[PDB]
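# Coordinate analysis (summary)
Single-letter residue listing:
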Amino acid sequence: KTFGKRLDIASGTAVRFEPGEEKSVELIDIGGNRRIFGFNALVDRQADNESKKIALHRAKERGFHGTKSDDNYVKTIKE
Amino acid sequence: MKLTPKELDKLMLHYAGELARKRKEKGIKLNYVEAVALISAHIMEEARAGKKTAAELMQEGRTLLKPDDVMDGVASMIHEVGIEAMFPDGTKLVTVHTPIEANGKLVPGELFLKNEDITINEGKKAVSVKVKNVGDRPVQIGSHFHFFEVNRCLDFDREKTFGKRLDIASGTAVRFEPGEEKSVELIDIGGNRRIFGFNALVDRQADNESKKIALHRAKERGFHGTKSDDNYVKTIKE
Amino acid sequence: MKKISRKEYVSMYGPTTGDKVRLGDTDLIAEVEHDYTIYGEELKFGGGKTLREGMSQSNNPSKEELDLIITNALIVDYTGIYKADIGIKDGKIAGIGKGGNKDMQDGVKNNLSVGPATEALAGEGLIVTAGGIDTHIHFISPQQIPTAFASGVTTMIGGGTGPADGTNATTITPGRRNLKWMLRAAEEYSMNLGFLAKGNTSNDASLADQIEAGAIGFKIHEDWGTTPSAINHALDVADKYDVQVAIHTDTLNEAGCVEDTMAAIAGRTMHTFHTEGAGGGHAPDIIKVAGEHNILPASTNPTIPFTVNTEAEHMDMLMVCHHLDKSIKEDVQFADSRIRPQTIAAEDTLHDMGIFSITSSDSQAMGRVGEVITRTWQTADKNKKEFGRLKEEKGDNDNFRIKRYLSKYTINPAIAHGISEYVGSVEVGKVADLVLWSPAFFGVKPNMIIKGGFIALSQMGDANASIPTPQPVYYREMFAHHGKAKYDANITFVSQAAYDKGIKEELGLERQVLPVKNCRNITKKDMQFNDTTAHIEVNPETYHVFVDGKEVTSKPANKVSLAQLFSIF
Ligand code: NI
Ligand code: NI
């Protein structure tokens, strides 16, 4: 539910998560061209539904918690 | 005649041997050059005659000169005489090993060694790993090969061998015959422990973090004795 | 053959083999290991002395005649602590040894020949070390350069464009045009200079362009975003160009924790700034990377040595630079996870153990550019007071500890940034960047700086006085500091790629331009006297530090040496 999104807070502010802390946050869509490069190298391309599957698969392979990408993943020609 | 450079060199060698034989007939004790040339010229003439095989000539080159026929020190200087001769079936290399036996005391270049042993890889603790060759072909491993990345047909506990090499003399090797099983000693690799090549299983700094990547790569590529746990978690660079 | 008492001999020519000298007001004792002199043939300059035409200056000199010779110098270097004469020819160290005239003296080699072209510098009773190398410079103000020069630093490596907010946080000179600005500004200064580019990008072309524009490496700083993707890309480009990478890791653990950063590094060579983490880094356990083979761990001087005033000072400093508020619990939580007196205490002992290998400044960015050397020797003195004499000592001296701490700001940073073939030690063939110390003032206030084989800075009295000694005496620019002479005495370090493309001629640079080299194939094992690798664990709750299973800590100091005895302010 958080793909292509960022925190809906004041620019340059931050949200802290203490060890064991649980809280809810607000997320808005990223603007502009929605070209996501860096951050964990999970997308590194245009953000859309087709790239969300690649990102979910990469996240699951790299042990990012809360990632549920369906098994029997079908690879594309460029991953 | 259409003589080649090889034919001119061999003609010169034949007449050097002829001079050596003449001097031996006169009763002169031959020196290093004369002995070498005499053996070489005899082998060439025998091969020209075409009545003997190359192995026969290898054995016959050792009976030409008795120890009393050469100067003191000559026998210990001639380890092996090699000569290429043309037989009826073409050019073959004939090498005579230790043609002359030593009879005097003069040894040029004689080595006077201390009787103390050399301790190699001092300060390196050696572990022992049992290895079996389940393949049908012989495998030989050198002293500085990263033993984790040996032929995938060898079966052993690969996890215990990561970042290690054989604790043997530098430039020597351990052989594994098909089906052979034996234990070897492994020491840690020294220096910066930067392992590049060998199967492209590490290609980075050797440490515990990279041992997991190496184990996973080895298991995916079918290296025997590799037990890397399932549910492997990939890193950002693999 | 005559007998001379040791007292008068040392008063005339300095300490000889077996003599010991205290360093500053500390407890560190240096013992002279060897002497290159022939007793009775010492070089002395003055009226009626030996350094005269036909006696010690040759009337038929060799063709490798020296420009400058330093007589009877006590060399303190990582290669040893010994007495010799240092000969300088053409900006390089030409020889170390006896020195003199072969016509009248026995053991003189052609590279140590004193002739009519040689200047004499007396070093009897003085210490010669290599110029210091500071590798964590924020180029915030040009006035930092004279301040570091007067403390014994001869090479500054870092990044920045000035008092801009990006530079106030990061040692980054971003992009080709800003690199050109700083490279042309560098022509002003008496200092060896090299600049780090921005590594905080995932664009390989942008990374490569900065290296080809003259940068000697990358800085990855969390203020520009220290993410695993940027780390991976920057390391790939650096491996292709043979330049160093420095990193200021993510304190907020935003993209990952310390092990994720190590996974992004992927076993490649990395230079970590302020590894203990008060200056930034994964809270609370960045310090664990100081035991890894591929890490070159450095510390910044504000945390060493650990004192009673350290924690409160760092807390208030953090509240100011980050504009934090004491009434906000989240700002307090950030501050508490950041300071950690436990890691600060552990850092001193890790320096004593050889786990930390480099000392640096973090200048005007929570660090003091004129105090790297002084705080290094204060840390050494505090560690000797607490833990006693090291077990690696050979004799009633502290020679091993002296070498270990001296390497932290001379040879190890030079190896780390690929300049150890030019600077970093008193060795033949190297650039003559030398510092003269009187032992009473060792580590805090030097006598003079020799830059490129010529005197560039020295203590000096008033210009109208009949002699150079009378008051007021302070550090003044010498002749190598001025005119076109400063272009011959100073080096601008660039990458090999930029050097091959003629960066010197393209930008019209008059300083010497040299390429850095051998940056990617070095590990923690390449640091002199600081090559200890160990498994470091940090408790997530108590913030305690364990090295190889044993807790490591130091106690704070209520008073340090080399501080209030030597300075009016
Ligand atoms: Ni920093
Ligand atoms: Ni900094």
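Residues numbered from 1 in each chain as written, not as in the entry; some residues may be left out. Chains lettered and ligands numbered in written order. Part of a larger assembly, values for the part shown. Heavy atoms only, no water.

For this coordinate set, the PDB header names cryo-EM as the determination method and states a resolution of 2.4 Å.

### Things to note about the overall build of chain A
Within chain A one finds 1 helix and 4 strands. Starting at the N terminus and walking to the C terminus, you meet the elements of chain A as β-β-β-β-α. In terms of its C-alpha atoms, chain A occupies a principal-axis envelope of roughly 40 × 35 × 20 Å. Relative to its full complement of 79 residues, chain A shows a buried share of 20%. Across chain A, contacts joining residues at least 24 apart in sequence account for 25% of those joining residues at least 6 apart. Summing over all exposed atoms, chain A offers an accessible surface of approximately 6300 Å²; the carbon and sulfur share of this is 50%. Side chains of chain A give 16 positive and 13 negative charges; the mean places of these two sets differ by 4 Å. (Helix = DSSP H or I, 4+ residues; strand = E, 2+ residues; numbered from the N terminus. Buried < 20%, exposed > 50% of the residue type's maximum accessible area, 1.4 Å probe, protein only. Contact = heavy atoms within 4.5 Å. Areas by Shrake-Rupley, 256 points an atom, 1.4 Å probe, with all protein chains shown as cover. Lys, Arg positive; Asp, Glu negative; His and termini not counted. Charge placed at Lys NZ, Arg CZ, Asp CG, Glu CD.)

### Side note on helix α4 (residues 175-185) of chain C
All of the buried residues along α4(C) are C:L179, C:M182 and C:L183. Buried residues along α4(C) cover an arc of 100 degrees about the axis, so they all sit on one side. (Arc of directions from axis to C-beta.)

### A short note on the environment of C:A94
Residues and elements named next belong to chain C. Following the sequence through the fold, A94 ends up in strand β5 (residues 92-97). Between the alpha carbons of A94 and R22 there is a distance of 29 Å; along the sequence they are 72 residues apart. The residues contacting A94, other than those within four sequence positions of it, are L66, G87, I88, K89, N111 and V428.

### Considerations on the coordination of the nickel ion (ligand 2)
All names here are of chain C. Around the nickel ion (ligand 2), the protein contributes the donor atoms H136 (NE2), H138 (NE2) and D362 (OD), at 2.0 to 2.2 Å from the metal centre. Of note, the nickel ion (ligand 2) draws all its donor residues from one chain, in the sequence arrangement H-x1-H-x223-D. Between the nickel ion (ligand 2) and the nickel ion (ligand 1), a separation of 3.3 Å is found. Of the two residues, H138 is situated in strand β8 (residues 132-138) and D362 in the loop between β15 (358-360) and α11 (372-387); the sequence distance between them amounts to 224 residues. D362 shares its class with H138; the two are buried. (Donors = N, O, S within 2.8 Å, 3.2 Å for Na, K, Ca; no water.)

### Focus on the sheet that holds strand β3 (residues 127-133) of chain B
Residue and element names in this part refer to chain B. On the basis of which strands lie adjacent, the open sheet formed by 4 strands has the order β5-β3-β8-β6 and antiparallel pairing. Because the sheet does not close on itself, it has two edges, and the strands there are β5 (154-155) and β6 (164-166). Sheet topology note: the β3/strand β8 (residues 181-188) ladder contains 6 bridges and is antiparallel. Looking at the pairing, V127 lines up with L186 of β8. (Pairing = 2+ DSSP bridges.)

### Description of the packing of helix α5 (residues 204-212) of chain C against helix α6 (residues 228-241) of chain C
Residue and element names in this part refer to chain C. Relative to each other, α5 and α6 sit at 40 degrees, their axes nearing to 10 Å. Considered as vectors, α5 and α6 are oriented oblique to each other. Crossing geometry of α5 relative to α6 is assigned as right-handed. Two secondary-structure elements touch here, α5 through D204, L207, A208, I211 and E212 and α6 through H233, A234, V237 and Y241. For the contact of α5 with α6, the class distribution of residues is 6 nonpolar, 1 polar and 2 charged. (Axes fitted to C-alpha atoms, helices over the stretch in contact; angles between N-to-C directions. Parallel < 35°, antiparallel > 145°, perpendicular 65-115°, else oblique. Left-handed = near helix turned anticlockwise from the far one by under 90°. Nonpolar A, V, L, I, M, F, W, Y, C, P; charged D, E, K, R; others polar.)

### Observations regarding the packing of aromatic side chains
Applying the stated criterion to the full structure yields 13 aromatic pairs over all chains. Taking the centre distance of 5.6 Å and the plane angle of 70 degrees together, the rings of C:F441 and C:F566 count as edge-to-face. With a gap of 125 residues between them, C:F441 in the loop between β16 (434-437) and β17 (448-451) and C:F566 in the segment after β24 (550-551) connect regions that are remote in the sequence. Here the aromatic cluster, defined as three or more aromatic residues joined through ring pairs, consists of C:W377, C:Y409, C:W437 and C:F442. The aromatic ring of B:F176 is capped on one face by B:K182, whose charged end is 5.5 Å from the ring centroid. (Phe/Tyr/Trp six-rings, centres within 6.5 Å; stacked < 30°, edge-to-face > 60°. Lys NZ or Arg CZ within 6 Å of the ring centre and 35° of its normal.)

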